[PDB]
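Novice: Please read through the structure below; I'll follow up with questions.
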Amino acid sequence: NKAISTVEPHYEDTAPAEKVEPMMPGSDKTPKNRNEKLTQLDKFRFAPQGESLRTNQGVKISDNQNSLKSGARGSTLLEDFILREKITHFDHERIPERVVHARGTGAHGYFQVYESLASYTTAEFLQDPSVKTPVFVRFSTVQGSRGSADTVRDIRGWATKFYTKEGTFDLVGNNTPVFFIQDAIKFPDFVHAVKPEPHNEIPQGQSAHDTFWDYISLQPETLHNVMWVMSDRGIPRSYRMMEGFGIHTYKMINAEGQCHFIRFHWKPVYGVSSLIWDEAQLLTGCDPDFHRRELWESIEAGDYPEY
Amino acid sequence: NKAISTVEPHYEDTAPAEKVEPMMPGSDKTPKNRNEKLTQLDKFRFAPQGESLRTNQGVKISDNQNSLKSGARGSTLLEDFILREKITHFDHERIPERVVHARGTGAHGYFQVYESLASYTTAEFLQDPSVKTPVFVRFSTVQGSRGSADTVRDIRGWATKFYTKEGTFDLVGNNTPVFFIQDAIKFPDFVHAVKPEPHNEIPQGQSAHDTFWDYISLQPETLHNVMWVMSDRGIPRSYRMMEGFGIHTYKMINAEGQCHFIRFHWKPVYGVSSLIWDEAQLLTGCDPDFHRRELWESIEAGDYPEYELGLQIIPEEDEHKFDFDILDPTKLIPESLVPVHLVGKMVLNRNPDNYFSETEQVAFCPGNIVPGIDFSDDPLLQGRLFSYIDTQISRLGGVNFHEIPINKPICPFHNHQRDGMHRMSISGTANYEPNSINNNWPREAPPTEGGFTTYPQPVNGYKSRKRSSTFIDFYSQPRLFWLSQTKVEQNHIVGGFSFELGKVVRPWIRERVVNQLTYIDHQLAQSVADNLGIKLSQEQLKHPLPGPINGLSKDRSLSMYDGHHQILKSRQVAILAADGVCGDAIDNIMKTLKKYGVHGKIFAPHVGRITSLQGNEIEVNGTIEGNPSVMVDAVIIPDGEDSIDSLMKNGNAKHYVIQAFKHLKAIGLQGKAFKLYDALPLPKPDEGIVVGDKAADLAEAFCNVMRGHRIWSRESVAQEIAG
Amino acid sequence: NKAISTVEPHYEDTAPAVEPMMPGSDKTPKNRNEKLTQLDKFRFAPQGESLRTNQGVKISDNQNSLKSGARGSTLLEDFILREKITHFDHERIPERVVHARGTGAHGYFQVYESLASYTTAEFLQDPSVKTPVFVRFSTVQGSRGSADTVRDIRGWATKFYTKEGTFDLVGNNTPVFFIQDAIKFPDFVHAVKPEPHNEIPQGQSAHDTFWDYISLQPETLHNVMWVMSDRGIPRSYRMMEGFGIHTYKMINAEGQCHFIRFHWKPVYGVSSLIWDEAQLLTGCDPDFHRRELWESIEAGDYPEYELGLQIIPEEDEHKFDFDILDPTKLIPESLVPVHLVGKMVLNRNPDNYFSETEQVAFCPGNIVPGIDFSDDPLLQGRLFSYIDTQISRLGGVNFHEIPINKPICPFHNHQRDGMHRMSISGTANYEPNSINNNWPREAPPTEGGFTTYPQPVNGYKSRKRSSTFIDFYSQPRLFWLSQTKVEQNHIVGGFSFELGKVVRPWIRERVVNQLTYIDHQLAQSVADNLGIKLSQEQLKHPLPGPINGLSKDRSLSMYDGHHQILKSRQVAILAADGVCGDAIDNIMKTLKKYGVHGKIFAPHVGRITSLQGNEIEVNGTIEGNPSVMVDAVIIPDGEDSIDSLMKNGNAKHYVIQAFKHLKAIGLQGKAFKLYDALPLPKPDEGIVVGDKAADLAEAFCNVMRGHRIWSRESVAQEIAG
Amino acid sequence: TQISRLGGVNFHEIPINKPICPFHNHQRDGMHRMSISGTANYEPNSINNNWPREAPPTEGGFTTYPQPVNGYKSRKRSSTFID
Amino acid sequence: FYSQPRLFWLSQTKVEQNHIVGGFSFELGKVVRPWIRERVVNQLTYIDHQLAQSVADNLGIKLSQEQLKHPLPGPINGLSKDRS
Ligand code: HEM
Ligand code: HEM
Ligand code: HEM
């Protein structure tokens with residue numbers, strides 16, 4: 016019988032004969060969407076088709092269903108290096124989540140300047156419109172851990188990694204033009220206040236708790252961005268439909284050595300739109316992955332985020 | 016200048032000088060609940076009252092508001108060591124989450140044995156009823172990451188650490204009596220399949236996706252535990268209202284060397300109660316911390332989680348007398364065959380002071396046994412014994428995690444082990460055995476002196492990788508489970524399969540799962556097929572069904588609602604009121620509810636106080652907006668002309684009643700409040716709708732209705748209601 | 016049956032029916062301090078205790094894995110075995126990236142009189158307070174298994190556990206460093222560390238990449254001169270000086286800033302090995318300095334040092350011919366004298382090397398109120414580095430909860446979590462809060478809250494070496510000119526031996542070229558040793574002038590400028606069976622009268638028999654304790670002893686070697702026969718010959734006061750030993 | 418031991434440690450994951466037709482030789498070792 | 501601390517202003533300690549008087565005459581609201 020076969024090594028095909048479309052790796056769905064960075068990554072990709080299942084040392088595995096035992100009903104033997112390698116790796120899959128912005132989602136793309144900005148900066152990636160500068164973007168919330176829901180009321184992070192010829196440039200901004208605090212020495216204090224409270228780790232994904240508003244009430248410098256996050260800016264409809272801001276003033280230095288003060292903005296081509304609070308709360312219940320899913324499906328459908 | 020003063024060193028008071048209750052550390056709210064483990068933890072606690080803010084080196088900080096800069100408007104200097112120490116620590120706060128059961132909640136308590144079990148085991152913590160064994164317990168889901176929601180559809184994990192005098196005993200279980208797979212080597216496969224998918228990490232806290240069901244349809248050993256989690260068992264109302272199971276067969280050894288096969292159980296004193304799926308999902312939206320908050324507040328309210336420890340006890344010679352292998356962890360032992368003997372009680376009565384120090388860092392492992400208990404040849408259990416110590420090497424930073432205060436035993440623990448990261452103990456004697464330079468101390472302990480010995484089980488066979496033929500039985504117990512369910516319980520099972528499969532994109536996976544169901548029961552298979560648009564073939568409804576199990580076709584204990592009790596105490600009730608409410612009715616409703624250990628919470632259109640028609644002020648627990656009906660077990664609306672009319676202009680308030688209705692809950696209406704029920708497209712009051720005018724008498728009959736848990740007979744008409 | 020029992024559980028006593050080195054709690058429990066008392070809670074006493082797993086479960090059989098039969102397969106269910114091996118597998122943590130090789134001890138510090146005039150620091154306020162310390166001494170290049178007596182800078186880190194904070198004085202045994210700006214530190218270290226292809230050489234700067242970097246970075250030459258000198262090979266950590274190097278600030282209660290440089294001056298004098306001797310010692314006792322310090326604490330010859338300060342008023346910062354903020358410059362004690370302000374005693378060895386010495390964490394950013402930083406660009410980069418390194422070395426940001434690292438004063442703040450969090454907090458984790466009335470609270474400066482001295486800051490954001498830093502040869506020249514002639518020779522010896530092991534000849538010529546800018550005699554001597562012809566232009570390179578009218582400074586010379594203490598030194602007494610017993614007694618009693626330790630080395634261990642028939646306990650064999658491990662050698666009379674030693678190549682070689690290492694050798698009676706039979710020149714001032722043992726030993730002790738017979742060095746180079 | 422010495426369970430991806438033959442399986446993640454996987458991470462699977470696949474022993478899939486095992490679970494030194 | 505919050509508030513449409521009011525009221529309605537809600541509402545009287553009143557209404561907080569007369573910040577370089 017074939018019930019016996021399911022607990023024996025599986026040497027035969029499992030896909031059905033015949034062989047609306049599911050989310051899949053970007054390599055399977057958009058292999059023609061290319062840039063230099065993606066090409067650099069190709070050499071770390073696998074093609075398992077036809078390949079034998081192996082240990083990390085390259086050793087072919089004949090039986091992925093059973094530990095090695097003293098007989099078919101016996102005690103598991105310490106000499107099952109295959110079991111122990113398989114379980115060891117699994118036991119250590121996890122790495123720490125980001126201390127803020129733990130919950131996030133990412134995509135590849137490219138950046139082009141419109142025309143040389145040589146009047147303001149020598150930055151290579153801002154000189155030649157013909158350059159296709161690879162980017163990778165991670166959108167995120169702020170307060171919640173990596174399993175928390177997408178459509179919470181929160182600031183959204185927006186981090187863009189520009190892989191330029193003269194260096195990697197990161198623009199690590201948010202979806203509002205200001206921040207809560209003025210000096211970095213207060214960041215742990217502010218983060219601790221907004222995070223789940225230390226005794227019980229409640230609440231997840233929400234600033235609606237005593238310690239956050241205790242801090243606000245005692246630190247009025249926070250009122251401006253609080254205004255922002257209590258608006259509907261704090262519940263965007265999609266990462267494709269929010270603005271982005273470096274928040275800080277930087278400096279651009281041109282080839283003459285003239286400095287301009289500069290502030291970075293992203294303006295979405297698909298506009299700026301938000302949920303309403305009740306719908307945003309209900310979405311955390313029925314699709315905690317909504318923004319992550321939306322971005323992934325939008326790219327798969329050719330509704331490419333453009334900013 | 017008061018705006019300026021906020022950004023300057025704060026040397027003055029901040030609390031309001033007067034100096047209902049917020050949740051708090053357990054030391055603040057229940058200091059009188061004590062045990063030996065908690066006392067041990069006291070040496071690591073702090074009382075900052077009156078203390079200077081300092082660096083980790085003990086240097087007093089004068090100005091916690093500003094970095095050190097070249098001027099008030101300059102660049103930050105590298106020499107600001109206070110800044111960097113503060114930000115460094117912050118930057119490295121997070122440690123890896125558990126690889127499974129990442130989302131969890133813990134509590135302290137104690138266990139007591141009812142009377143010595145010395146006839147069955149030498150286990151110290153089971154020999155003396157006068158002892159109070161400290162415990163720590165972590166409840167958890169399985170699939171979600173640490174920030175995922177509580178009331179998902181998932182197995183619940185249940186880990187109890189017994190701090191015994193002869194060692195720390197870890198009982199590491201779940202809330203269903205079986206597991207999905209038979210051999211440890213499949214565990215990463217099964218977990219990878221249920222976890223979010225690796226390309227996009229979707230979905231969170233949900234088995235309703237392709238890879239999980241794909242694995243299921245190809246590994247029919249999983250069908251029994253899938254049945255449990257598709258049932259309402261997969262959505263418990265409370266960690267206090269769920270059953271617990273060690274799952275595996277263990278051995279107990281008594282002082283004469285006789286061996287009994289055992290299985291561990293927890294039976295809740297507060298009964299076994301579940302949510303219904305629609306309610307659970309909505310609850311992930313409006314309180315993702317529901318279970319965790321509920322456990323924390325029940326302990327602060329003195330509704331202490333209580334559970335009885337049970338043992339099924341099989342003498343060694345009855346091992347092969349069953350119609351399944353008791354070494355098979357996909358099989359349960361029917362309670363009608365082998366009764367659960369209640370041998371003790373555990374009470375969780377004290378919350379942690381710091382969730383990370385205690386709940387995040389605690390480490391359980393099934394390997395952590397004590398003399399008197401031993402392992403069986405359960406091939407899942409055997410592989411478990413390796414993983415828990417291994418995983419903790421990176422989760423908790425090395426091999427010294429037993430020195431983290433919550434993990435410390437409360438008995439001595441001398442050995443020759445040394446070093447490792449974050450070594451806290453200081454050893455000044457010989458680090459090898461045997462030694463003569465310290466007269467070979469610490470010394471091996473003979474068995475008659477309580478030294479651990481393995482029971483000399485016979486071992487015969489050939490080295491092999493092969494599933495035991497006594498294990499090839501994937502369908503008999505899924506059928507036993509299904510036949511044991513009431514019809515309402517079977518419908519929720521069918522609903523679980525249908526909702527989950529409906530999110531599976533690849534049709535052939537759905538087809539193959541339904542196919543598996545045709546080997547468990549034909550009604551089950553057919554009903555799931557219809558919800559999925561699958562026409563079953565004639566041959567599939569001809570698929571042979573498994574026979575009975577040691578004379579059993581069903582087992583009442585397998586059914587939640589026909590087989591276990593519902594308890595009123597600890598439940599929550601929303602009292603819907605606005606300004607102008609009858610003050611007397613609120614008084615008498617609140618008092619009647621509490622007479623039965625039921626908590627009434629007033630929800631109004633605003634927080635603070637509402638004024639009664641008598642002109643008295645009533646403290647409000649929260650807004651109706653903020654506390655929707657899925658958060659309570661039942662709803663009551665008192666009288667008051669101006670309160671009822673306010674609520675009839677409130678879509679939230681009206682939806683409260685429609686939703687509570689659709690979720691089969693008790694609804695109590697006093698006086699004019701019935702005009703609010705009449706205006707909704709809800710039918711004539713059923714047996715779970717209670718109307719009257721005397722508020723005390725109404726509250727009494729209401730409480731009596733809430734004893735049914737849910738109004739199941741209402742399930743059919745609630746399907747048409749638009750909410 | 017008895018062989019059978021050795022592989023069965025051990026339930027019975029194994030203890031049997047001068048002394049070894051032991052943990053401090055065993056050997057000096059009466060020497061205590063506040064920090065040692067704090068550590069007691071973490072100490073264990075397994076006497077009478079069962080062997081147990083880490084979870085508290087007693088173990089019955091620590092001899093066997095759980096198997097499928099006595100001859101079977103080991104079972105995965107053996108959790109006892111797997112927990113034991115697992116802990117073993119993860120014992121090792123990363124070694125320090127520099128100063129990996131080190132040794133630690135507890136003690137205390139006392140200020141002589143309040144320094145309130147210059148600083149508010151609490152541990153410098155009250156002469157009656159005993160402030161606990163922990164000190165780690167180290168070399169710099171080698172990894173943790175490398176040898177003690179290499180040629181290297183020595184690190185010197187003192188953790189003061191004060192009532193208002195833990196203060197770390199992280200210094201070296203020389204007053205300058207090799208580089209000026211922290212950014213160069215990884216370049217310099219990579220150059221000195223073993224070369225990256227072959228990881229050769231261990232514990233030596235004598236290789237191409239180090240001298241390559243020296244040759245391109247003349248700022249390094251000052252400290253190179255120190256390490257090429259005999260300062261690079263201290264006799265003992267008890268007998269070197271110590272320096273914080275950087276200029277720090279000291280703030281008093283008025284807010285007045287004094288510039289400050291820290292010093293340790295050893296009570297036991299400043300003494301060094303000689304190169305050939307040092308190198309041999311890495312061979313026969315790679316733990317020499319650790320053992321000697323451990324044993325000096327157990328002997329009672331407790332390490333003692335006086336803390337010194339050079340004190341410079343703020344308005345004098347720019348009055349020197351060098352930047353006091355330049356870490357390659359020292360402040361000559363002839364210009365700015367060192368005021369001795371307090372005393373450190375090291376009086377307790379640890380119980381567990383790993384728990385205490387290995388895990389201790391120092392950082393120069395660990396200051397306390399009353400002290401502040403200067404703009405020394407080396408020191409500024411150091412402040413970042415120490416905390417950051419400890420993140421991976423000690424596994425996270427809670428290393429301060431490791432018991433050796435804990436302050437003894439309170440340490441409340443709002444920090445939380447991190448790996449292996451010991452503390453359990455229950456109050457508000459953010460400031461400002463009201464839910465806990467904002468405790469813990471900021472402390473006003475007048476209450477001890479740390480504040481930074483408001484130094485002015487004027488300039489432009491730039492990457493530039495200060496022009497006042499560009500002086501590379503004047504202090505090397507001053508240090509050269511301050512050495513005695515024997516010390517200059519050993520400097521020349523240091524450079525020539527090291528450059529001798531450089532393969533690429535252009536590196537050696539480039540270093541010699543640098544030397545021609547310091548002193549022409551030095552360059553010429555090194556060049557001759559390396560077969561290098563110096564051009565005439567090189568011989569004529571211009572030499573720097575005096576520094577604030579100074580061309581020598583006596584304090585820069587070990588032997589002309591510092592004292593040599595007889596107390597605590599070690600003397601080998603060579604003797605076999607048949608030795609004169611009264612001679613030994615008389616030598617011993619005399620040595621002891623001056624605090625010197627006599628060690629009997631014999632051809633076998635146990636006891637030897639004297640010609641008077643008495644038994645004498647032996648300290649070790651001659652072959653096991655060669656002459657490089659002692660300060661001097663004495664040979665008592667006794668016909669059978671002498672005859673035994675003359676048949677012993679090692680015993681004969683013991684005398685030849687000690688001679689060549691310029692050490693005092695005492696010979697009683699027939700013992701001179703042994704010296705006379707050897708290929709040695711006639712006795713000199715350091716060969717004490719006598720017939721009376723007591724007399725001979727008194728004279729022998731007097732010769733030891735000189736440390737070495739420097740005048741012997743010329744003929745020593747012709748000795749075949 | 419190598420989990421802490423080499424920083425986690427992907428030390429096989431450090432170049433000197435890499436094998437020179439293929440090595441597909443369903444392991445994933447862990448600290449410093451270099452390789453980028455894009456197929457099903459569980460076995461059995463149907464969405465990628467169960468590749469990578471177990472290999473029959475006659476194809477070179479590892480197998481333990483079926484040595485007989487007979488004894489009692491016990492911690493004991495074999496008498497034949499006592500020499 | 502208040503000019504830019506006020507500038508943000510006055511640049512919002514009426515709907516957007518109501519949603520901002522809902523944000524504070526919903527969030528502050530899960531705050532258990534009453535003095536925290538009252539202090540937050542007290543900060544809002546330095547931003548806009550209506551905003552403070554609408555939110556204090558939803559929290560059962562009676563504003564005082566002293567509070568309802570709290571000074572409001574002036575325009576920002578002539579600007580009182582910005583469409584962006
Ligand atoms: C100007 C306001 C700030 C903005 C807009 C901002 C933005 C972000 C964003 C978007 C991320 C997530 C990057 C990712 O996807 O991986 C992030 C991470 C982080 N930020 Fe901030 N941040 C700000 C302020 C701060 C401050 C003051 C600190 C503390 C000094 C801080 C520390 C961090 C840390 C530690 C992370 C985690 C980085 C990682 O693990 O990779 N940020 N920030
Ligand atoms: C009998 C079926 C099993 C049950 C009932 C069970 C139960 C649990 C529970 C309750 C936890 C969470 C404990 C806590 O921290 O609160 C847990 C964690 C874990 N289990 Fe299982 N498990 C089972 C099977 C397995 C298997 C087969 C493996 C793999 C060998 C495994 C590996 C793990 C690991 C690695 C953890 C995380 C431990 C940690 O991080 O501390 N379990 N299990
Ligand atoms: C005046 C120059 C310096 C002196 C006197 C000095 C002294 C020392 C000493 C004595 C130690 C060993 C401490 C112990 O026993 O644990 C040490 C360690 C160390 N130093 Fe330096 N150092 C100097 C310059 C530097 C610089 C420029 C850096 C790099 C910025 C640096 C980085 C380190 C590091 C990373 C350690 C290892 C710390 C640890 O692992 O605990 N130091 N230093």
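Residue numbers (the authors' numbering), protein chains in the order written: chain E, 16 to 34, 47 to 334; chain F, 16 to 34, 47 to 750; chain R, 16 to 32, 47 to 750; chain D, 418 to 500; chain V, 501 to 584. Yeah, the Cβ is synthetic: ideal placement off N, Cα and C, and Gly gets one too.
Return the bridge partner residues of R:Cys392 from the DSSP annotation.
Specialist: If you number the third sequence from 1, residue 392 of chain R lands on position 363. DSSP lists no partner for R:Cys392.
Novice: Just the chain F side, please: which residues come within less than 7 Å of E:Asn93 by C-beta, in chain order?
Specialist: Here residue 93 of chain E corresponds to residue number 66 of the first sequence, with the count starting at 1. Simply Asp210, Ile212, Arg492, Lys493, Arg494.
Novice: For a contact meaning CB atoms closer than 9 Å, what does D:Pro432 contact in chain E?
Specialist: As a working note, residue 432 of chain D is residue 15 in the fourth sequence. Chain E residues near D:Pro432: none, gap ~13 Å exceeds 9 Å.
Novice: Shorter than 9 Å from the beta carbon of F:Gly174 to some beta carbon of chain R?
Specialist: Locating residue 174 of chain F in the second sequence gives position 147, where the first residue counts as 1. False, the Cβ-Cβ gap to chain R never drops below 9 Å.
Novice: If contact is defined by three or more beta carbon pairs under 8 Å, each pair taking one atom from either stretch, is the stretch 663-678 of chain R in contact with the stretch 603-614 of chain R?
Specialist: Taking 8 Å as the limit for Cβ pairs, the verdict is that the stretch 663-678 of chain R does touch the stretch 603-614 of chain R.
Novice: Considering only C-alpha positions, which residue in the set F:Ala745, F:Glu362, F:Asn654 is nearest to F:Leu579?
Specialist: On the second sequence, residue 579 of chain F is found 552 positions in, with the first residue counted as 1. When only C-alpha atoms are compared, the closest one is F:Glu362.
Novice: What are the residues of the stretch 93-114 of chain E that lie near chain R, defined by any Cβ-Cβ distance shorter than 9 Å?
Specialist: Answer set for the stretch 93-114 of chain E: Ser94, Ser97, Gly101, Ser102, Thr103, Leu104, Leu105, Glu106, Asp107, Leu110, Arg111.
Novice: Tell me which same chain residues have a C-beta within less than 8 Å of the C-beta of F:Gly337, skipping the five on either side of it?
Specialist: Within the second sequence, residue 337 of chain F is the residue found at index 310, counting from 1. Excluding positions up to five away in sequence, the list reads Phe291, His292, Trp293, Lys294, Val367, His368, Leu369, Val370.
Novice: From V:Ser554 to E:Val256, what distance separates their C-alpha atoms?
Specialist: Walking along the fifth sequence from the start, residue 554 of chain V turns up at place 54. Walking along the first sequence from the start, residue 256 of chain E turns up at place 229. When rounded, the distance between both Cα atoms is 18 Å.
Novice: Suppose you measure from the CA of residue 40 of chain F to the CA of F:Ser79; what does that come to, to the nearest Å?
Specialist: Missing here is residue 40 of chain F; chain F as given proceeds from 34 to 47 without the residues in between.
Novice: Taking C-beta pairs closer than 8 Å, name the residues in chain F that E:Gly232 reaches, listed in chain order.
Specialist: Sequence index remark: in the first sequence, residue 232 of chain E carries index 205 (1-based). Within 8 Å Cβ-Cβ: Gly174, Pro315.
Novice: Just confirm the distance between the C-beta atoms of F:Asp314 and F:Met658, as a whole number of angstroms; I'd bet it's less than 8 Å.
Specialist: If you number the second sequence from 1, residue 314 of chain F lands on position 287. If you number the second sequence from 1, residue 658 of chain F lands on position 631. Right, their Cβ atoms sit about 6 Å apart.
Novice: Return the CA-CA distance between E:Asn93 and F:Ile212, expressed in angstroms with no decimal places.
Specialist: For the purposes of this step, residue 93 of chain E is taken as residue 66 along the first sequence, with counting starting at 1. For the purposes of this step, residue 212 of chain F is taken as residue 185 along the second sequence, with counting starting at 1. Near 6 Å, if we compare the C-alpha coordinates of F:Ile212 and E:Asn93.
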